[PDB]
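For reference, the structure is listed below as structure tokens.
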Amino acid sequence: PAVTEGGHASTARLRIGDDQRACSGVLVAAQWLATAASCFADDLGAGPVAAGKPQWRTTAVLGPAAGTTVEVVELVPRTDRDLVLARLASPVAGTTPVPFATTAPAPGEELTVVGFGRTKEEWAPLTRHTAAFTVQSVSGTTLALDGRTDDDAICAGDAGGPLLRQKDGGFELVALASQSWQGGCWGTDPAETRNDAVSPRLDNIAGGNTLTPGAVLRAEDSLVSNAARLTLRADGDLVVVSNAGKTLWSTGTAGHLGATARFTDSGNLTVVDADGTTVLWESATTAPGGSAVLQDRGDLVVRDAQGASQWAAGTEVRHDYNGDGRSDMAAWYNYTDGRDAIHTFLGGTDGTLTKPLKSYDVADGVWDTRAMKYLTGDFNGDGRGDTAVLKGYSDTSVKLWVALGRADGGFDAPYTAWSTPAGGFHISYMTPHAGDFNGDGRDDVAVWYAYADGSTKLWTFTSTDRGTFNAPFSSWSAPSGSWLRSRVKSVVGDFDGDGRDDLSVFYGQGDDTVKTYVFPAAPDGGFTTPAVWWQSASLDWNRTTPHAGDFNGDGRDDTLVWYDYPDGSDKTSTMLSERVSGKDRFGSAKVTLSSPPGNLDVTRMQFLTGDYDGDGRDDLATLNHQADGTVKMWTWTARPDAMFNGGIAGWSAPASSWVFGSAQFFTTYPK
Amino acid sequence: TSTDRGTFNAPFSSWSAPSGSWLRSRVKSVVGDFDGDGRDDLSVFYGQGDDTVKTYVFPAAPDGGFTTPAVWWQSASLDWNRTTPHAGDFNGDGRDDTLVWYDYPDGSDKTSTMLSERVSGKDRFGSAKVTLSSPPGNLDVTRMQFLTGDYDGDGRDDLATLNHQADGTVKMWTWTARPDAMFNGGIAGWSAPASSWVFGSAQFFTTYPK
Ligand SMILES: CC(=O)N[C@@H]1[C@H](O[C@H]2[C@@H](O)[C@@H](CO)O[C@H](O)[C@@H]2NC(C)=O)O[C@H](C(=O)O)[C@@H](O[C@H]2O[C@H](CO)[C@H](O)[C@H](O)[C@H]2NC(C)=O)[C@@H]1NC(C)=O
């Protein structure tokens, strides 16, 4: 029988190659499908499936009227089941994924079989058809299934189709169709009347993006999200990989075959050996009643019962605009004719930056670009970076604009995410910072507001699931005569790896010495009393330009200082974050980059950090204005020891095309 | 320099380098008399960008200062970040030479000895050979302190360590040197529980840092 339109929208049809093979599957996550492995095998119906890109260009069609078409990019097959998870080029909107069953199937249970395979009469139906199956037995990694009646059957081309169990008006995923006698099916000898079938069980595997207390993640298993995958390898090594196919984080527990990863009732996440007793790795957290969740934003975070982050792996790519697993950068370009547009430079596989593409090109008079500040970050929880603009208006009012990132690397039209009547906030006093301060899986905005009376307050604008911002609230504050705005150079990042971004300030201490404060983020998104993590009198504050990022892949961010020497030369000193004797601080500074005198002018180039080659370690790239007016991109990648490599040249242009002083890059912290 | 009163004179400089040349963070230094001229001098195992190892020697001037360095040994087969150089006369030549303790990714470690020699009038270190090796997991290079010297007084320098064991016990080991600069098996010496000697709370008097 045919399925009523709008039903089982989560059920997808797959087309492999140039109509070479037919296969079915089900939506499991916004950007993931679950399909049969046998249809992607070199030998159809049996044998191994290649990991990574499929052997043939493959697409899938799904939705209530099968009106949505998406491409499958990457396969990660399982070895003990006819099951492969396929990553999509883009997430599917408007279609709800099917959750995994949390209980075992049992004999006598009725399962609903739906797919796009051949029917009793139709070789290649244009709609979904279903069948009623009953469980006969459950063992190993498969189910023994038969028909509820002798009228229907599972037929060729329907492989990979979901077998659903109805519960509370909804459905749960129990198994995918695999092999059968296909009795009574079109194109099959009528002599065969059996509809007995065997399918892999999907109830005894990890799924979704969360681990509950007591949950166990078996080897050759994984959790998935839009911008990351968490998997435990057969060799016992628990790893997280990006959409680029590269590993961002690992426990390093390789060679311990049979090792298992589990989330304990104590709230910690650990890796245990084959003996079920010996611990090979632990997050060493405490959070009873908590859970471990792999976010769409990118990273893996362990949260307590109150929803507060306790620990994070830090497996994220900052301002990745297309979601391809590598950091990008973008700029707001003001043309001399009054019009403006946003240009995006995508990261390449070698860490270089490709030629920019433009988007959101608007006419003169649309924006009054005299008093605006630019922010970047993922403000929707998409898994791809967005942008935002904080702008003042001639009536003294303020608005905060947000533009969502597109899959093609461009941006959509900005929309107002927050606004205030004049007399509330003033653009001249606000100093916004982007990052995830709340730890809710969406970036938000913090403002260091300097009052005319000399007082200071930190305001936080948390993000909603609508992409909009809530009303600002204050937390940390200081009396007038204490903190001076003119002496504050601020950066942001997650400096202790607690899953929440926070502030740090390089303060000019009277004699132009440098003292670094950190302002840890509260569970409520606010900020706590600062403490000093680093200080030095060996360097002049007026010549320091601090930057933040994870420059050794620790999972916790740290800082470097670009220093402009009187000699005409410059260098970067990196201070890695570490905890010693229970005390958090930055370690001793070392020179990681240096140039000859006169080789670079710090006032003629714009800086932006990020993970450009997607190797899990943050690095920095610049657009520098050369003596002849030429603008050139350089990227210095980070070595495992936080030493930088030589700069790699990327896109460049004459001043006749790109004017240096007329463009501003979207950043995470000002200057 | 030292006086006959046991006191030191005012310091004076000799060799120097401009900024942007030698980076302190990439310098692992040892000292000894590497050409047998009767004066001790410096040598540096420098991390050459890609973490390869290049060894410089800084011969001592008659006035106690140091002269322009020259390269005595280089190899790209070993990772600088895993090398801990030591100096001494490990074959009784009368002129000091160096060995490198190497911490492998495999969990094992070894010592490679490069004996000092003069060939065609040119001073350099000879080809490296493995003189000591251990099973994987047998020793942790970050849990033990090293010190070289001639412990049995046979004229050939050798090395001994105080290693911190998994159970907190601290144990002394000495590996004596054979005439061919091969090491013998380690000989156990004094040992104690952590309740008596705390490993991380004691520092040995050395001739060169780390
Ligand atoms: C003249 C002056 O002091 N203007 C104030 C402020 O000056 C700074 C500041 O904008 C920073 C950061 O944006 O950039 C430069 O350092 C500016 N310096 C100079 C010399 O221009 O600029 C703001 C501003 O919004 O540019 C002024 O506020 C005014 O402009 C806004 C936006 O266009 C709007 O037009 C307001 O009506 C106008 N505000 C007032 C009160 O006249 C700052 N003004 C004051 C009075 O503090």
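We name chains A, B, ... following the order of the structure tokens; residues begin at 1 in each chain, and ligands are numbered from 1 as shown.
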
*Using only C-alpha atoms, select each residue of chain B with any atom at most 12 Å away from an atom of chain A, and give the selection as a VMD selection string.*
chain B and resid 18 to 26 47 to 51 80 to 82 105 to 106

_Let me see if you get this right: every residue at most 10 Å from ligand 1, counting only C-alpha atoms and all ligand atoms, written as an MDAnalysis selection string._
chainID A and resid 368:373 391:398 422:423 426:431 452

Do a neighbour search on residue 200 (chain A) at 7 Å with only C-alpha atoms, toss out local chain neighbours closer than 2 positions, and write the hits as an mmCIF file with C-alpha atoms, in the first residue's frame.
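Writing the result to selection29.cif gives the following:
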data_model
loop_
_atom_site.group_PDB
_atom_site.id
_atom_site.type_symbol
_atom_site.label_atom_id
_atom_site.label_comp_id
_atom_site.auth_asym_id
_atom_site.auth_seq_id
_atom_site.Cartn_x
_atom_site.Cartn_y
_atom_site.Cartn_z
ATOM 1 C CA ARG A 81 26.052 -4.489 10.421
ATOM 2 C CA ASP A 82 24.600 -3.683 7.030
ATOM 3 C CA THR A 141 23.432 -7.524 15.545
ATOM 4 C CA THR A 142 20.391 -8.488 13.458
ATOM 5 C CA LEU A 143 16.665 -9.221 13.673
ATOM 6 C CA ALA A 175 16.238 -1.369 11.958
ATOM 7 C CA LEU A 176 17.019 -0.813 8.280
ATOM 8 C CA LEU A 202 19.905 -0.085 15.346
#

*Any idea what's packed within 12 Å of residue 513 (chain A), counting only C-alpha atoms, ignoring anything in its chain fewer than 5 positions away? Could you give it as an MDAnalysis selection string?*
chainID A and resid 487 506:508 534:544

*List the neighbours of residue 344 (chain A) out to 8 Å using only C-alpha atoms; skip same-chain residues closer than 5 positions along the sequence, and give me the result as JSON, numbers by chain.*
{"A": [328, 329, 330, 331, 356, 357, 358, 409, 410]}

*Could you work out how far CA of residue 102 (chain B) lies from CA of residue 180 (chain B), giving the answer in Å with one decimal?*
20.2 Å

Skip residue 216 (chain A) itself and residues of its chain fewer than 3 positions away, then list as a short mmCIF file (atom, residue, chain, number, x, y, z; two decimals) with C-alpha atoms, in the first residue's frame all residues within 7 Å of it, counting only C-alpha atoms.
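File produced: result16.cif:
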data_model
loop_
_atom_site.label_atom_id
_atom_site.label_comp_id
_atom_site.auth_asym_id
_atom_site.auth_seq_id
_atom_site.Cartn_x
_atom_site.Cartn_y
_atom_site.Cartn_z
CA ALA A 261 34.12 4.67 26.01
CA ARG A 262 31.47 5.32 28.64
CA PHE A 263 29.71 8.14 30.45
#

*asked:* List as a list in words the protein and nucleic acid residues near residue 559 (chain A), meaning an atom at most 9 Å away when only C-alpha atoms are counted, but skip any in the same chain fewer than 6 places from it.
replied: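 Neighbouring residues, sequence-local ones excluded: residues 491, 493, 495, 546, 547, 548, 549, 550, 551, 573, 574, 575, 576, 577 and 586 of chain A.
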
Tell me, counting only C-alpha atoms, for each residue of region 4-106 of chain B within 10 Å of region 190-207 of chain B, which pair of atoms is nearest and how far apart they are in Å to one decimal, in rows ordered by chain and increasing number, as JSON lines.
{"residue": "B:30", "atom": "CA", "partner": "B:207", "partner_atom": "CA", "distance": 8.0}
{"residue": "B:31", "atom": "CA", "partner": "B:207", "partner_atom": "CA", "distance": 7.4}
{"residue": "B:32", "atom": "CA", "partner": "B:207", "partner_atom": "CA", "distance": 9.1}
{"residue": "B:87", "atom": "CA", "partner": "B:207", "partner_atom": "CA", "distance": 9.5}

_Please compute the CA of residue 229 (chain A)-CA of residue 297 (chain A) distance, one decimal, in Å._
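If I compute the distance from CA of residue 229 (chain A) to CA of residue 297 (chain A), I get 11.5 Å.
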
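Between residue 325 (chain A) and the candidates A:414, A:614, A:290, A:654, the tightest atom-to-atom separation, counting only C-alpha atoms, involves A:614.
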